[PDB]
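Chains as they are written, first to last, in PDB author numbering: chain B1, 195 to 243; chain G0, 7 to 341; chain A0, 7 to 341; chain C1, 7 to 341; chain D1, 7 to 341. The beta-carbon is built from N, C-alpha and C at its ideal position, and this holds for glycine as well.
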Amino acid sequence: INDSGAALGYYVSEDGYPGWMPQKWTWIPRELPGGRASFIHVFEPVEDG
Amino acid sequence: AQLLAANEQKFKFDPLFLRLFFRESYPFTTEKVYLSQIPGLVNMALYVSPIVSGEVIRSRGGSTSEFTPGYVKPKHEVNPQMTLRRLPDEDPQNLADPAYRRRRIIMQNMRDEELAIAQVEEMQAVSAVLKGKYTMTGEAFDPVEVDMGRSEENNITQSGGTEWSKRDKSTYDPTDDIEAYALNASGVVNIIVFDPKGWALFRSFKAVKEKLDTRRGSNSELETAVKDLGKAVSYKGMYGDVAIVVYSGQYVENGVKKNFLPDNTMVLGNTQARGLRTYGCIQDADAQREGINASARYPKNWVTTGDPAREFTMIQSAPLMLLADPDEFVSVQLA
Amino acid sequence: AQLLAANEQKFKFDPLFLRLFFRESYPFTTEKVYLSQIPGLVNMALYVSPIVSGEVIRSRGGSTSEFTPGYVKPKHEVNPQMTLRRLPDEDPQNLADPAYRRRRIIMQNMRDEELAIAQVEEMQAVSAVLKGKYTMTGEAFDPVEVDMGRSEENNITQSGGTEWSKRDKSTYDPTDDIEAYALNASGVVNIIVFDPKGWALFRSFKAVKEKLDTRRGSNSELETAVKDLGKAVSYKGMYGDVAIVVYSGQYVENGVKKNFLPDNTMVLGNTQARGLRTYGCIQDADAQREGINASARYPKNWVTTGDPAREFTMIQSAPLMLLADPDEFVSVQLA
Amino acid sequence: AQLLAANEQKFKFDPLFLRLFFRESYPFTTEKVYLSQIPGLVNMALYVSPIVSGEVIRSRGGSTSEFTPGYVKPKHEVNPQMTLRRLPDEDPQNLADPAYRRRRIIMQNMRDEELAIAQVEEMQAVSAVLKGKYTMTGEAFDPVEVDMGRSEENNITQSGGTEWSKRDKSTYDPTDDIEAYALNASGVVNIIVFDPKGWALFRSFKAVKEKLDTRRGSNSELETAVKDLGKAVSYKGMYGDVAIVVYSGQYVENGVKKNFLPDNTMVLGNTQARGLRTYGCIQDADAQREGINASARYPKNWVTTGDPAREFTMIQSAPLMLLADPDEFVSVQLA
Amino acid sequence: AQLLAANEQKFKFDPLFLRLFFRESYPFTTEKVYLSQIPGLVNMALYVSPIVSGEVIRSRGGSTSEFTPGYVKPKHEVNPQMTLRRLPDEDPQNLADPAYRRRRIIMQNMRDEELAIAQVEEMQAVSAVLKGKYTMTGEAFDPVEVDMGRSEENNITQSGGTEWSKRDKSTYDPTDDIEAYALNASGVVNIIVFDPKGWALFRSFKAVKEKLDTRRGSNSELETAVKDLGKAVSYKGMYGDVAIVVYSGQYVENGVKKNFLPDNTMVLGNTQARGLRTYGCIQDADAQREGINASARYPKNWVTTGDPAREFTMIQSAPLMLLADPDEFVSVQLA
């Protein structure tokens with residue numbers, strides 16, 4: 195995120211099934227600039243930030 | 007710390023002693039061995055008159071019923087800091103996993119553990135059927151001599167009188183001595199397993215070498231047993247009537263290695279001699295509250311929190327294997 | 007330039023040293039050998055009182071843990087300008103193909119490569135168990151002496167005192183010397199493999215020739231090993247108790263060929279002596295970014311663009327095989 | 007038991023040794039120190055002809071690369087039964103909280119811990135640059151002498167020949183001895199830090215007292231260092247060319263306290279001498295499975311369940327700090 | 007392979023020679039140095055009559071304008087197989103990154119590179135102002151002697167006639183020799199920088215020690231220069247009129263280390279002597295097609311594809327630094 199908190203993207207660790215895959219973190223933006231909803235991250239925040 | 011069920015080997019390859027002479031396992035819920043408790047041989051002749059029947063027959067009260075099983079509980083670490091045994095090129099990426107490294111290293115650790123208890127059990131077996139005496143001993147533990155009762159005629163010696171070394175290497179036949187020692191064995195002898203140089207001076211006699219049959223002439227499952235354990239039991243062949251085997255097994259002690267077998271020894275007896283595997287209590291709270299107080303072995307994987315904050319594999323057992331009939335085998339030291 | 011997977015041989019035929027005494031492979035992700043890191047023999051006796059358990063047991067800190075593995079990376083060309091090894095009449099039309107010629111010539115090249123590293127490894131083995139010293143040396147490289155620690159009684163000489171050549175060729179028995187050198191070997195000796203003329207003057211004694219058994223009397227898998235490598239290991243037969251073998255292997259050096267073995271030498275020890283195959287880092291960017299920094303060997307086929315615009319097969323390794331117990335073998339120079 | 011991140015001090019106030027001469031930290035993933043592994047000083051002169059370039063340059067193989075780091079892992083209890091250090095009147099209601107008492111008491115405990123390891127490290131430093139020898143020793147541990155290699159001319163003594171006490175207290179100038187001991191120091195000396203009475207008899211000479219400049223004449227950041235550690239380093243002033251300092255630090259041992267410094271000693275050398283802080287493995291399962299095997303320090307807060315059912319703070323480290331050039335400092339015992 | 011702009015040091019700490027006497031840099035687009043091309047000192051006196059003006063004034067045609075610059079282009083590898091210099095605890099997770107390890111290792115590699123060229127340049131400087139001769143030499147390269155033209159009175163020796171060692175250590179004043187050698191120096195001398203033992207026997211005279219002022223009496227920025235390079239330049243103090251310095255810098259050659267300075271030598275001259283840093287062509291296709299044929303230094307990071315399929319850091323330069331006035335310094339070998 196930025197200093198203002200705007201969620202830019204995410205680091206997706208690699209799957210762990212079977213219980214012996216290592217995790218590697220991959221970049222995923224929250225949404226495309228044109229308004230396209232690529233990574234739909236829906237959560238209820240109890241407070242700011 | 008992994009569960010109890012992660013104890014799969016399917017590797018039972020003891021050298022023909024605990025699997026062939028000493029099948030007679032008796033794990034107990036009680037500490038010691040109580041030979042009076044074991045039925046052993048049953049009072050097995052008398053009938054009753056054709057009017058009514060007689061009294062109640064019991065386990066016939068073994069005279070000595072108190073010896074200390076060898077409660078052996080070693081352990082090791084499976085700390086994921088090593089590179090492990092890499093079987094050829096099965097994807098070392100899973101070794102790179104701490105999960106797979108830790109599970110197959112507990113596999114390796116525990117297998118070392120039961121083969122350790124197996125080799126100490128084989129030393130117990132070789133003491134047992136070579137002198138009838140076993141030394142239940144260890145530091146910070148009193149040495150108890152556990153005696154089956156091997157008789158003097160079961161301990162008669164070849165060096166007494168005339169030695170095979172001090173005989174004609176060409177015309178003398180040690181078969182005469184073979185039945186001489188076999189007669190007072192309370193049965194028929196069908197394996198003549200030697201230690202290496204013992205068989206060497208046995209076969210040094212010509213009569214032996216043109217009396218023995220090198221052919222298979224497959225008599226029993228002993229050939230299958232040798233094919234299984236092609237390591238230290240060597241099926242020399244047929245001596246005609248009897249099978250000729252040589253055991254050259256070795257134990258690798260604290261700093262050195264040496265053979266199980268003494269220099270020149272022999273035990274004459276049957277392949278179906280009765281061997282007891284009495285097992286004592288297992289002193290592990292897990293074992294008691296899940297009922298493994300009466301069993302063969304107990305593994306566990308477990309984490310210590312605090313000063314030795316680590317994780318270990320622990321193996322616990324308590325064997326006191328003996329022979330039911332010490333007179334069944336005649337133990338001879340050779341020339 | 008062909009892929010990594012084009013490295014199929016199924017040809018592992020090392021002369022009974024790296025396969026029988028030195029099975030104990032330890033490829034590392036780190037440059038040197040760290041004998042402190044290898045567990046080796048484990049501290050393997052003490053138990054704890056039947057109240058609580060004791061401290062944590064580690065790899066027992068090897069005193070010397072720093073030697074340079076022999077990082078050997080040779081290469082060759084597989085330039086499709088040769089006529090190749092033509093196995094009898096399997097359709098030379100595919101040899102006419104540059105594809106088949108190039109693939110089976112990389113086959114031939116790489117097999118030459120691992121047999122090269124195998125023969126240099128066998129020279130390392132013969133230095134190791136003949137003097138306990140190994141010369142990690144090469145031009146533009148400092149000579150490091152890697153010593154397992156072979157003791158003086160493991161280097162006692164037959165020429166000292168009375169020589170077998172300076173003895174009765176008919177009545178003298180060198181068996182007395184056999185146990186004399188075997189007693190201080192920290193174990194039992196079961197192979198008496200000689201170099202050729204060493205076995206020649208050994209057998210020159212009559213007592214040897216009527217004490218040895220020419221018969222099979224198949225003791226172990228050593229007969230199978232000889233049948234496999236019928237090239238330079240020769241199973242002379244039984245000396246009764248012990249097996250008699252002769253090694254006459256030869257290395258073909260830069261301009262000439264000569265035997266691996268010195269004139270008249272012997273090592274007395276077991277067939278199950280512990281041999282370490284510690285392996286260093288593999289200095290290849292491919293190896294690091296795919297995790298072959300800790301492995302045995304690494305092949306590759308690869309094209310150079312520019313001045314040496316060609317294509318090569320490259321083989322990389324880093325062995326520093328040694329013996330865990332140098333005292334296990336007594337090394338004797340013969341008469 | 008509180009998390010690892012509760013290890014915030016921002017208090018690094020070591021007495022000018024581990025921060026100024028011994029900045030050169032080398033925590034390892036391996037047990038020992040391998041001076042061959044450390045590049046140290048690089049082979050740093052040769053070029054190649056203007057046609058092609060030469061061979062590959064390595065870490066130039068340190069002759070001795072095997073010493074045991076001082077793996078120090080002490081601990082304490084933070085049992086919430088004490089009244090604690092109450093900083094003046096910051097709301098003792100939070101001290102009444104077990105949460106705040108426990109967290110700031112783990113703060114206090116751990117800070118005692120790193121200052122303990124710091125003071126033992128400073129004793130190691132004073133041994134190191136006063137004799138070139140360090141005693142890696144402790145009960146239930148073999149005493150290893152770790153020697154950087156301090157030369158004899160670096161151990162020449164003032165009492166030999168004529169003593170400063172046995173000299174004119176008014177006219178004699180010890181500057182002559184100053185350059186006499188500084189010449190064989192492999193560099194320029196710019197601090198003349200004494201132990202107290204050593205500086206006392208140094209300044210007893212008048213020539214010293216009218217040669218020294220009491221003024222600031224701020225030369226470097228050493229004044230800032232003294233202002234920081236106004237405890238035991240005392241910036242006496244300028245002796246003109248060179249800085250005059252006195253160290254009177256004290257360690258409080260098991261039952262008594264005494265100064266770090268011996269009675270009358272000196273080390274002549276630079277402020278930029280190269281000091282290595284090689285660090286060994288950290289033997290903590292947490293450290294290995296989270297990769298803190300190669301680091302400086304490791305704290306933890308942790309609960310024991312069972313017999314010592316309590317909660318502790320544990321600090322683990324393994325320093326083996328030494329000096330790269332023992333010849334850099336001339337160590338003199340004074341009159 | 008990283009871009010050219012990854013060449014940020016801000017570390018220019020040459021020992022007061024290339025920064026204070028030899029500021030006069032002349033990188034060329036042409037191979038050699040053409041002293042006729044350099045204006046150097048300009049014909050700088052004549053005017054013209056108050057009617058018209060005279061002819062055109064040129065660069066006054068240096069007599070010798072052909073010497074070979076020391077085109078030095080070394081390189082190294084930055085292969086991400088090492089653990090690197092770990093500055094204390096700045097998040098070794100980025101070292102775990104190949105990206106950060108590779109970038110700061112190219113940082114370390116290249117800084118070693120320019121300090122290498124700096125130390126060889128300082129050897130060139132010490133040869134230059136100690137004898138006026140420089141050996142442009144190397145294997146597979148002809149040795150060109152580059153002479154500024156140091157005169158005989160600039161090479162007069164202290165051992166000739168009466169030596170300072172062969173003088174009164176108490177009453178003799180070497181100041182007389184100081185002006186004796188300073189008079190034929192074509193200027194004023196304001197630094198008397200010695201090699202260590204040279205200054206030792208200089209100060210052995212009492213007159214020196216009560217004539218010199220140990221006080222700061224800060225004359226110029228030379229104190230700031232010493233504070234910057236507190237390594238090997240040592241500001242002894244004031245000798246009254248003149249500054250007393252000692253250089254004890256050392257170069258670490260192929261297998262050993264030794265001081266830059268000979269046993270006992272001196273150069274008498276000014277701090278503002280004119281020093282030329284003529285620089286030749288840079289033989290790198292990148293440098294030519296981007297116009298760095300006329301510059302100081304050139305770094306690059308670059309990958310080789312093929313046989314040495316790797317990645318390297320390459321540093322290229324071509325200095326031929328000399329002194330404009332060799333007569334400016336009188337070079338004396340001492341007693």
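Tell me the start and end of each unbroken beta strand (DSSP E) in the stretch 178-251 of chain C1 that is at least 3 residues and wholly inside, in chain order. 239-244
Counting contacts by CB-CB distance shorter than 7 Å, is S65 (chain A0) in contact with chain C1? The count along the third sequence starts at 1 and reaches residue 65 (chain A0) at position 59. Answer no: the Cβ-Cβ gap between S65 (chain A0) and chain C1 never drops below 7 Å.
Verify the CB distance criterion: does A315 (chain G0) have a CB-CB separation below 7 Å to chain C1? Here residue 315 (chain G0) refers to the residue found at position 309 of the second sequence. Yes - at least one Cβ of chain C1 is within 7 Å of the one on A315 (chain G0).
Can you list, in chain order, the stretches of the alpha helix (DSSP H) that have 4 or more residues and sit fully within the stretch 261-333 of chain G0? 291-295
Return helix, strand or coil for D95 (chain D1), following the three-state DSSP convention. Locating residue 95 (chain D1) in the fifth sequence gives position 89, counting from the first residue. In this structure, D95 (chain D1) counts as coil in the three-state DSSP scheme.
Am I right that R316 (chain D1) and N115 (chain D1) are in contact with their C-beta atoms under 8 Å? What's the rounded C-beta distance? Within the fifth sequence, residue 316 (chain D1) is the residue found at index 310, counting from 1. Within the fifth sequence, residue 115 (chain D1) is the residue found at index 109, counting from 1. Going by Cβ atoms, the distance from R316 (chain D1) to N115 (chain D1) rounds to 13 Å, so no, they are not a contact pair.
Chain-ordered neighbours of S240 (chain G0) on chain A0, where CB pairs are closer than 8 Å: As a working mapping, residue 240 (chain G0) is identified with position 234 in the second sequence. Result: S224, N225 and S226.
Residues of its chain near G204 (chain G0), where Cβ-Cβ distance is below 6 Å and the 5 sequence neighbours each way are ignored: The residue given as residue 204 (chain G0) occupies position 198 in the second sequence. Excluding its 5 nearest sequence neighbours in each direction, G204 (chain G0) has C-beta neighbours in its own chain below 6 Å: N270 and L340, listed in chain order.
Closer than 9 Å between beta carbons: that is the criterion. Which residues of the stretch 285-310 of chain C1 meet it against chain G0? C287, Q289, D290, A291, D292, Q294, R295, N299, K306, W308, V309 and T310
Alpha carbon to alpha carbon, how far is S165 (chain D1) from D174 (chain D1)? Give it in angstroms, no decimals. Along the fifth sequence, one-based indexing puts residue 174 (chain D1) at 168. Along the fifth sequence, one-based indexing puts residue 165 (chain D1) at 159. For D174 (chain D1) and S165 (chain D1), the distance between alpha carbons rounds to 15 Å.
Could you please give me the residues that DSSP links to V336 (chain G0) through a beta bridge? Against the second sequence, residue 336 (chain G0) aligns to sequence position 330. DSSP lists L274 (chain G0) as partners of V336 (chain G0).
Check the DSSP bridge columns for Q256 (chain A0) and list the partner residues they point to. Within the third sequence, numbered from 1, the residue matching residue 256 (chain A0) stands at position 250. DSSP lists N265 (chain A0) as partners of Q256 (chain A0).
With a cut-off of 8 Å on the beta carbons, I'd call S42 (chain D1) and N160 (chain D1) a contact; round off their distance for me. Counted from its first residue, the fifth sequence places residue 42 (chain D1) at position 36. Counted from its first residue, the fifth sequence places residue 160 (chain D1) at position 154. With a Cβ gap of about 24 Å, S42 (chain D1) and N160 (chain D1) do not count as contacting.
Residues in the same chain with beta-carbon distance under 7 Å from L101 (chain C1), minus the five sequence neighbours each way, listed in chain order, please. Here residue 101 (chain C1) refers to the residue found at position 95 of the fourth sequence. Cβ neighbours of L101 (chain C1) beyond the five flanking positions: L90, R92 and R107.
Within the stretch 101-179 of chain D1, ranges of the beta strand (DSSP E) (whole runs, at least 3 residues): 139-144 and 147-153
Chain-ordered chain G0 contacts of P216 (chain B1) [CB-CB under 9 Å]: On the first sequence, residue 216 (chain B1) is found 22 positions in, with the first residue counted as 1. Chain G0 residues near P216 (chain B1): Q99, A102 and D103.
Could you tell me the distance, in whole angstroms, from the CA atom of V48 (chain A0) to the CA atom of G68 (chain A0)? On the third sequence, position 42 is the one that residue 48 (chain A0) refers to. On the third sequence, position 62 is the one that residue 68 (chain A0) refers to. Going from the Cα of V48 (chain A0) to the Cα of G68 (chain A0) covers about 11 Å.
Chain-ordered neighbours of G243 (chain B1) on chain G0, where CB pairs are closer than 9 Å: The count along the first sequence starts at 1 and reaches residue 243 (chain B1) at position 49. Here the premise fails: no neighbours, minimum Cβ distance about 34 Å.
One or two residues paired with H82 (chain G0) in a DSSP bridge: Here residue 82 (chain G0) corresponds to residue number 76 of the second sequence, with the count starting at 1. Beta-bridge pairing links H82 (chain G0) to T319 (chain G0).
Would DSSP call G60 (chain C1) helix, strand or coil? For the purposes of this step, residue 60 (chain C1) is taken as residue 54 along the fourth sequence, with counting starting at 1. Reduced to three states, the DSSP call for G60 (chain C1) is coil.
Identify each residue in the stretch 137-171 of chain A0 for which the Cβ-Cβ distance to at least one residue of chain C1 is less than 8 Å, and report them in chain order. So the close ones are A146 and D148.
Please classify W308 (chain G0): is it buried, with 16 or more other beta-carbons within 10 angstroms of its beta-carbon, or exposed? Counting from 1 along the second sequence, the entry for residue 308 (chain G0) is found at position 302. By the Cβ neighbour-count rule, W308 (chain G0) is exposed, with fewer than 16 other Cβ atoms within 10 Å of its own.
Using only alpha-carbon positions, find the residue among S301 (chain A0), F335 (chain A0) and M320 (chain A0) that is nearest to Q99 (chain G0). Taking the first residue of the second sequence as position 1, residue 99 (chain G0) is located at position 93. Among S301 (chain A0), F335 (chain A0) and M320 (chain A0), the Cα nearest to that of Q99 (chain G0) is on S301 (chain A0).
Residue from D313 (chain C1), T319 (chain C1) and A324 (chain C1) with nearest C-alpha to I57 (chain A0): Taking the first residue of the third sequence as 1, we reach residue 57 (chain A0) at position 51. When each option's Cα is compared against that of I57 (chain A0), the closest is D313 (chain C1).
Assumed close pair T70 (chain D1), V150 (chain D1) - CB separation to whole angstroms, cut-off 8 Å: The residue you call residue 70 (chain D1) lines up with position 64 of the fifth sequence. The residue you call residue 150 (chain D1) lines up with position 144 of the fifth sequence. The pair is not a contact, with the Cβ atoms about 12 Å apart (cut-off 8 Å).
Check whether chain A0 comes within 7 Å of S323 (chain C1), counting only Cβ atoms and requiring the distance to be less than that. By 1-based counting over the fourth sequence, the position of residue 323 (chain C1) is 317. No, because no Cβ of chain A0 sits closer than 7 Å to the Cβ of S323 (chain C1).
Could you give the residue range of the beta strand (DSSP E) that holds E30 (chain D1)? Here the question's residue 30 (chain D1) lines up with position 24 in the fifth sequence. Segment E30 to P33, the beta strand (DSSP E) holding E30 (chain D1).
Would you say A11 (chain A0) faces chain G0, with C-beta separation under 7 Å as the test? Taking the third sequence and counting its residues from 1, one reaches residue 11 (chain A0) at position 5. It does not: the Cβ of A11 (chain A0) has no partner Cβ on chain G0 nearer than 7 Å.
Beta-carbon gap between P305 (chain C1) and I321 (chain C1) smaller than 7 Å: Numbered from its first residue, the fourth sequence carries residue 305 (chain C1) at position 299. Numbered from its first residue, the fourth sequence carries residue 321 (chain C1) at position 315. Yes. Within cutoff.
Along the stretch 26-60 of chain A0, where does the CB come closer than 9 Å to a CB of chain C1? Name the residues. Of all residues in the stretch 26-60 of chain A0, those with a C-beta nearer than 9 Å to a C-beta of chain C1 are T36, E37, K38, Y40, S42, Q43 and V58, reading in chain order.
C-beta atoms of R280 (chain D1) and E14 (chain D1) nearer than 7 Å: Taking the first residue of the fifth sequence as 1, we reach residue 280 (chain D1) at position 274. Taking the first residue of the fifth sequence as 1, we reach residue 14 (chain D1) at position 8. Against a cut-off of 7 Å, the Cβ pair of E14 (chain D1) and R280 (chain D1) comes out as no contact.
Looking at the C-beta of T271 (chain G0), does it have a partner C-beta in chain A0 at a distance below 7 Å? Here residue 271 (chain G0) refers to the residue found at position 265 when the second sequence is read from its first residue. Not one chain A0 Cβ lies under 7 Å of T271 (chain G0).
Report the neighbours of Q278 (chain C1) on chain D1: residues whose CB is nearer than 7 Å to its CB, in chain order. For this step, residue 278 (chain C1) is matched to residue 272 along the fourth sequence. The answer, in chain order, is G236 and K237.
Please check if any C-beta of chain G0 sits within less than 7 Å of the C-beta of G213 (chain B1). One-based indexing of the first sequence puts residue 213 (chain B1) at position 19. True, the Cβ-Cβ gap to chain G0 drops below 7 Å.
When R230 (chain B1), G228 (chain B1), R224 (chain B1) and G229 (chain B1) are compared against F237 (chain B1), the one with the closest alpha-carbon: Locating residue 237 (chain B1) in the first sequence gives position 43, where the first residue counts as 1. Among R230 (chain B1), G228 (chain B1), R224 (chain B1) and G229 (chain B1), the Cα nearest to that of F237 (chain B1) belongs to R224 (chain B1).
Give the interface partners of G312 (chain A0) over in chain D1, defined as CB-CB distance under 7 Å, in chain order. Counted from its first residue, the third sequence places residue 312 (chain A0) at position 306. Here the neighbours are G312.
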